[PDB]
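In structure tokens, the next block holds one chain alone, the form deposited in one PDB entry.
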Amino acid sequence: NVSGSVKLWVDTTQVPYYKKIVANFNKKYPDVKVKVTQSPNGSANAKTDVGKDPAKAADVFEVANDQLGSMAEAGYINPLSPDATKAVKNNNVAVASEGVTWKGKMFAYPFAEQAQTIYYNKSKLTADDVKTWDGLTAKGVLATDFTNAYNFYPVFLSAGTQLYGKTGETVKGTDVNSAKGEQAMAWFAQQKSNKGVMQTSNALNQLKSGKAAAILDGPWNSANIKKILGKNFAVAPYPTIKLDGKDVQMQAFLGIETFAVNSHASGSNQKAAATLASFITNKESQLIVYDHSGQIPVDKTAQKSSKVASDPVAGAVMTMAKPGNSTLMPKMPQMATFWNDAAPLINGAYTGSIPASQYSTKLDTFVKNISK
């Protein structure tokens, strides 16, 4: 039997359907008292919401895979048991297991495959228009945010650089302090004068008002964008961009969304938390998340269900996940520093605060900063 009390943290608009998932959980485990709330600052900030006070945080919490190495090294999350590991590995696609594995051990329960795509109004742009960045932006406005390094760091990967080495595990393996890195910096700078590129902190609102024809966004907004655009909804994988005069695919990050178990829980409550984490990331639960938000399951069987297989967003995400189209977010303990330093590097190139004469120096300093 499983008993205990657990607090579950999810993102704000997910609460209603996680209550449904928890109702399903309680059909099987009637003696576990679950309290579902939003987290203080979201899954993108689990690192710091938990780290502020691990013992006060939720017992099960949503967290993106890049945060896992830091949290594992800090002792905030424990390795999954052999049986829990086997279930994750057998039930989900390979990249989901890679996403949660740190130094050979799994530290979270994966449930969604995240890659950004182009979402666009098909009354304003065609499927062919969205194939290239310059062609798209010559025909309509793309609204985006150069202060968000998750949007634009992957241009460095398109340029041929590595982030923490071949598989994201090498402390000194970021080699963006190179001519290839400078090509990406130059691309950011070029976008400031591209009249088809609108800087905004709320790209979704610009799409909704009609001031943008396209945005880059991820599947956490799939159902939201389908509702906004209605019959004008369309989606595509990322386009090509020109780097050093060559057309190359513009990458996104590939992220794996997970739930992790807070290592503070003990006794019954710990067993209840692990049971909940497993359940809310199971196939049925992944499909409920899909039904409500449009996020893409990592479960092998769910990905091949007729409804997922026929969803154009799922198809675009599957394309994005292929080699060359995205890179799995690394999970090095340094990642919080990486993100903090990457955003002003990129935005400085975009705004001109970093001029071309300083690209090499700034990239050298960046690599030193993130490689400790």
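Residue numbers run from 1 along the displayed sequence.
For the segment pair 44-52 and 337-345, the entry gives 44-52 the higher mean B-factor, averaged over Cα atoms. Two stretches are in play, 249-257 and 171-179, and the higher mean C-alpha B-factor belongs to 171-179.
Annotation for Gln286, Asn269, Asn202, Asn92: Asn202 ranks highest, by Cα B-factor. Highest CA B-factor among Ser263, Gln114, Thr132, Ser123, as stated in the entry: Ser123. The deposited CA B-factor of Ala314 belongs to the middle third of values across its chain. Ranked by C-alpha B-factor against the other modelled residues of its chain, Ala127 falls in the highest third.
Among the modelled residues of its chain, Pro323 has a C-alpha B-factor that falls in the middle third, as given in the PDB entry. The entry lists a Cα temperature factor for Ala23 that places it in the highest third of the chain's modelled residues.
Per the PDB record, residue ranking by Cα B-factor puts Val63 in the lowest third of the chain.
If you look for the form deposited in another entry, you will not find it shown, but the lines that follow are about it.
Between rigid parts that reorient between this form and the one not shown, a hinge sits in the chain, and the option from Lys192, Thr337, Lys56, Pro312 at that spot is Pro312.
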